[PDB]
RNA sequence: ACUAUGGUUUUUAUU
RNA sequence: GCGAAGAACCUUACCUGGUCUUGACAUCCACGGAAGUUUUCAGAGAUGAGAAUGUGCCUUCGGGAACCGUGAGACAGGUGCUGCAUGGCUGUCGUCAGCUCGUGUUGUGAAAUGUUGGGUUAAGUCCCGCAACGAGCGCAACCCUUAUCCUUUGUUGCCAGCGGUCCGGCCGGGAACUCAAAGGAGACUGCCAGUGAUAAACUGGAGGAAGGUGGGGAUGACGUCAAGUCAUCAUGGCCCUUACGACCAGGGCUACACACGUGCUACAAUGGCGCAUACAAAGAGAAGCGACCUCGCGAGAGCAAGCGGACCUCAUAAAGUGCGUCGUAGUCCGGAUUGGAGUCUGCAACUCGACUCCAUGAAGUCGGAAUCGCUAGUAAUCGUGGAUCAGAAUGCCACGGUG
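Protein chains in written order, with full-length UniProt numbering: chain A, 2 to 101; chain B, 3 to 81; chain C, 3 to 152; chain D, 2 to 207; chain E, 5 to 102.
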């Protein structure tokens with residue numbers, strides 16, 4: 002897990018509040034480029050491209066012990082091998098092998 | 003699909019052809035990227051685009067049939 | 003080295019009562035679907051009426067007796083030694099081989115429906131003039147290479 | 002051998018566990034971040050309470066814990082029916098109100114963790130250690146048990162040689178499934194060399 | 005009308021929790037005697053045996069998820085307090101609803 | 001019913 | 001289809017140029033500002049320079065501090081080089097029957113005995129024999145699971161028996177039969193007849209739903225080899241640190257001079273096409289699944305009920321069954337080309353996006369050499385879910401129909 006990718010994940014939460022909240026109603030009216038074919042708000046059209054890293058692109062939920070996009074269960078945040086460790090400790094609730 | 007059909011303008015060129023009467027006569031301006039399309043207002047201004055290690059000089063004429071800036075700038079060094 | 007069977011239960015024909023007439027369907031079928039083979043059996047007996055059909059009240063059990071596989075060669079040793087000798091195929095296998103020998107010839111006629119193709123090849127086998135035999139002619143030569151065995 | 006772990010890969014059967022924590026199924030992946038935040042100031046308080054085993058208990062948005070100690074007079078004094086002096090610490094380091102419990106201990110020297118602490122005291126000090134190993138074997142085998150492993154690795158010189166040794170007693174099945182082997186890991190660096198101490202005790206099957 | 009949500013990952017622990025809330029209901033007047041068990045669910049999970057380069061070979065783990073709602077026709081001066089103060093049991097999620 | 005090859009150098013016991 | 005469930009930027013190794021640094025990440029010291037919000041110019045941007053507004057937490061206002069912006073040391077960053085350093089985890093045989101111990105015995109000794117020898121098995125399993133004997137770990141047990149007959153329950157699930165009947169499991173009403181959550185019984189080589197040191201240990205027949213560890217999982221001894229990996233992670237030695245570091249914008253792993261596994265589809269009439277027509281499991285969902293109803297050739301859009309998920313939502317499974325119709329025509333079957341427009345998403349559809357609608361129709365008659373799977377609900381075969389997911393599969397993992 003990379004400290005620059007962990008620090009970017011925090012910056013994304015604080016920018017989703019900034020560029021991805023209360024802008025969707027404006028985005029619905031500024032994104033039309035055929036209804037009159039006239040240019041009169043170009044600065045506001047280039048505002049929809051201001052966010053580059055804080056929108057649903059790049060954002061992945063990842064394995065919460067390695068930062069890795071692979072081999073994990075999002076219902077626990079644990080990998081397909083650390084689930085064996087935690088199930089052998091009773092540390093994932095009710096998850097068992099035999100003993101039923 | 004695309005905007006607006008056909009080749010569409012970019013602000014980073016639209017400004018440089020409006021400043022062409024304020025900055026006057028000079029050696030070619032760098033614009034880096036090769037993605038933009040050409041438009042009939044690009045006449046009388048010389049520009050340069052990145053080739054992958056340096057920049058190469060480009061000029062637009064009425065003898066063009068519509069193009070991207072990459073069609074003036076090859077990036078490969080064999081064939 | 004351990005089996006020893008286990009012959010497995012099979013369902014004989016509901017209208018003719020025969021195991022051999024149900025066994026034919028297991029070889030006539032395509033992609034395990036079986037239902038179209040169950041529509042070609044006996045439907046190929048109404049077409050066979052006009053031709054050399056053998057025992058109509060036995061459907062195909064007597065017409066299959068006109069198809070004559072008898073011997074098998076290659077993949078064998080005798081006396082612990084490599085030998086090119088023929089062997090006689092088991093009686094419970096000979097007719098199940100004759101079933102493939104006739105449906106593999108019949109479906110590869112260049113004309114009409116299977117119900118007609120099969121009625122032609124069963125009439126022409128009853129005079130020994132049938133199709134699709136050259137594919138096994140070099141095996142029949144190898145079976146005739148030896149009459150003195152070991 | 003030697004990597005089959007009694008308190009790792011063999012812990013998912015017949016053994017008591019040291020941690021259980023409850024959370025919303027849709028935020029267990031978010032609460033996983035807290036599992037060190039509850040330890041970071043408490044792990045170095047366990048020896049200060051003479052604790053032989055901890056059981057971390059965490060209800061939804063809460064904390065409890067149970068601790069097993071032979072010497073509760075070290076952390077609560079007399080008479081043991083008021084645990085306030087420990088509760089006020091556990092609730093402050095956790096950032097949430099807490100209700101902790103204290104349990105008793107039977108045959109405390111018949112324990113792989115005490116045997117490991119009794120041997121590590123020699124090697125973290127670069128002194129004679131085999132006396133403590135033989136004393137631990139003749140302590141455990143005369144207090145209970147049917148076999149024991151006590152193993153040491155590194156700085157066993159002889160000046161700057163490393164080496165590894167154990168000398169076993171009785172019988173100790175480490176590959177049998179339901180053997181219930183009491184175990185502890187110890188690992189350290191003195192800033193001049195690495196050391197390790199490995200302990201396994203066998204008492205009875207199932 | 006109100007409902008008391010009981011959720012568990014085991015078919016015996018949900019019946020122990022049902023006996024624990026009925027034992028408490030009989031000790032706050034009357035409120036629960038024999039509720040309905042509802043339909044059940046399962047979730048199946050796989051884990052890897054070797055930490056690298058083998059994901060074909062897996063081992064299987066299971067949870068059996070239960071839900072009970074109890075359902076109440078009239079709460080009392082003891083239902084809204086003494087039955088809410090109940091600590092119940094470990095391994096079970098308890099909520100009041102509506 | 002069937003055949004000859006390989007120079008020289010060459011790593012675990014512990015952070 | 002493997003490290004690496006979906007690599008346009010990002011990811012990232014590699015490669016160009018900007019922009020920022022004792023470092024965004026861990027702690028400590030000198031100095032300033034509330035973080036933040038509002039806005040203009042420079043730049044595509046990372047950032048740079050101006051102009052206002054707030055005064056939180058903390059606080060007798062003291063200066064502290066989350067945080068923001070400049071300084072300086074110990075130290076940070078680096079999927080940088082290397083698995084002949086040092087951990088950790090490791091391939092495959094294989095659930096395979098093997099690997100070992102103490103005290104005696106034997107040889108000059110390394111070594112041997114037992115564990116070999118003789119029958120038997122899935123078996124170091126059990127009898128026989130015995131200067132070697134009894135033991136340990138692995139095994140077998142243990143644990144999970146299935147057809148049948150019972151048993152608990154009795155629901156919005158089921159309807160034998162009985163009452164009524166929009167003539168229906170529908171409604172009465174019922175726990176019969178399925179069934180849902182679970183617990184039992186049955187099988188003992190018992191019985192017949194064979195086999196064999198008539199031993200140990202096996203094999204047919206009868207009955208039974210099923211029999212000779214009933215089957216199948218889940219159980220991983222001794223281990224094999226300078227075993228794999230500096231690319232999950234740890235980390236010495238060595239290097240970069242006004243950066244090879246993080247951040248931006250360009251690109252590269254599809255440039256094409258030379259080229260290949262693995263896997264799939266047609267080669268028919270047992271079809272191709274338009275209708276009629278029969279039967280599912282596994283599951284899955286609140287900034288969610290999204291209905292009713294209209295519109296859009298369609299992908300979708302308007303829109304927002306019901307359900308916190310057995311009286312709501314995803315979702316009419318296809319192969320199969322039967323008419324009509326073309327016809328042995330390189331095929332009225334089959335599939336490369338080819339030219340544009342729609343739908344969804346995204347800095348971005350230059351370029352190797354997906355979904356959607358057309359016209360042209362090269363190749364193809366089961367394919368040289370060499371060669372793979374499976375003993376039965378197995379092999380083969382046609383569809384449907386689940387996971388990944390801003391937009392992106394026929395792959396990965398499951399399940400049903402036929403067999």
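Backbone N, C-alpha and C define an ideal beta-carbon position, used for all residues, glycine too.
Just list the beta strand (DSSP E) runs in the region 32-56 of chain E, keeping only unbroken ones of 3 residues or longer that don't cross its boundaries, in chain order. 45-52
Checking contacts by CB at 8 Å: is residue 104(D) closer than that to chain E? no
Between the C-alpha atoms of residue 152(C) and residue 87(C), what's the straight-line distance to the nearest angstrom? 8 Å
Between the region 66-92 of chain A and chain E, which residues of the former have CB atoms less than 7 Å from a CB of the latter, in chain order? 74, 81, 82, 84, 85, 88
Give the secondary structure of residue 99(E) by DSSP, where H, G and I count as helix, E and B as strand, and everything else as coil. strand
Of all the CB atoms in chain A, is at least one closer than 8 Å to the CB of residue 67(D)? no
Using only alpha-carbon positions, find the residue among 135(C), 57(C), 147(C), 5(C) that is nearest to residue 153(C). With chain C covering only 3 through 152, there is no way to say anything about residue 153(C).
Can you tell which of 177(D), 63(D), 192(D) has the C-alpha that lies nearest to the C-alpha of residue 97(D)? 63(D)
Contact check, residue 6(B) vs residue 35(A), beta carbons under 8 Å: yes
Assigned secondary structure, residue 142(C) (DSSP; H/G/I helix, E/B strand, else coil): helix
State whether the region 16-29 of chain D contacts the region 85-96 of chain A, with contact taken as three or more CB pairs (one from each stretch) at a distance under 8 Å. yes
Which one of 56(E), 68(E), 79(E), 40(E) has the shortest CA to CA distance from residue 96(E)? 68(E)
Continuous beta strand (DSSP E) stretch holding residue 103(C): start and end: Note, residue 103(C): premise wrong, no beta strand (DSSP E); alpha helix (DSSP H) at 93-108.
Please state whether the Cβ-Cβ distance between residue 182(D) and residue 202(D) is less than 8 Å. yes
Run of the beta strand (DSSP E) containing residue 186(D), from where it starts to where it stops: 183-190
Is residue 7(E) closer than 8 Å to residue 53(E) when the C-beta atoms are compared? no
Does the pairing of the region 54-72 of chain B with the region 29-47 of chain C give three or more beta-carbon distances under 8 Å? no
Which word fits residue 199(D), buried or exposed, when buried means at least 16 other C-beta atoms lie within 10 angstroms of its C-beta? buried
Residue 69(B) (DSSP reduced to helix, strand or coil): coil
Rounded C-alpha distance that separates residue 197(D) from residue 188(D): 5 Å
By the criterion of Cβ-Cβ separation under 8 Å, what are the contact partners of residue 61(D) in chain E? 97
Would you mind reading off the limits of the alpha helix (DSSP H) that contains residue 138(D)? 131-144
Cβ atoms of residue 46(E) and residue 66(E): under 8 Å apart, would you say? yes
Quick one: Cα of residue 87(A) to Cα of residue 94(E), how far? 18 Å
What are the boundary residues of the alpha helix (DSSP H) that includes residue 45(B)? Neither: residue 45(B) is in no alpha helix (DSSP H) and is coded neither H nor E.
Given a cut-off of 8 Å on the beta-carbon distance, is the pair residue 16(A) and residue 52(A) in contact? yes
So, residue 74(E) versus residue 36(E), is the Cβ gap smaller than 8 Å? yes
For the 8 Å Cβ check, are there 3 or more pairs between the region 72-89 of chain A and the region 15-33 of chain B? no
Kindly confirm or deny that the region 152-160 of chain D and the region 132-150 of chain C touch, where touching means at least three C-beta pairs closer than 8 Å. no
Assuming residue 51(B) and residue 75(B) make a contact with CB atoms under 8 Å, what is their CB distance in whole Å? 5 Å
Ordered list of beta strand (DSSP E) runs contained in the region 52-96 of chain E, each at least 3 residues: 62-72
Along the chain, which unbroken stretches of the alpha helix (DSSP H) at least 4 residues long are found entirely within the region 42-69 of chain A? 43-46
Whose C-beta lies closer than 6 Å to the C-beta of residue 3(B) among residues of the same chain, with five residues either side of it excluded? none
Residue span of the beta strand (DSSP E) that contains residue 96(A), given as start and end: Premise fails: residue 96(A) is in no beta strand (DSSP E) and is neither H nor E.
For residue 127(D), verify whether its CB is less than 7 Å away from any heavy atom of the ligand FMN. In terms of ligand content, the structure shown is empty, and the ligand FMN therefore cannot be addressed.
Taking only three categories from DSSP, how would you classify residue 121(D)? helix
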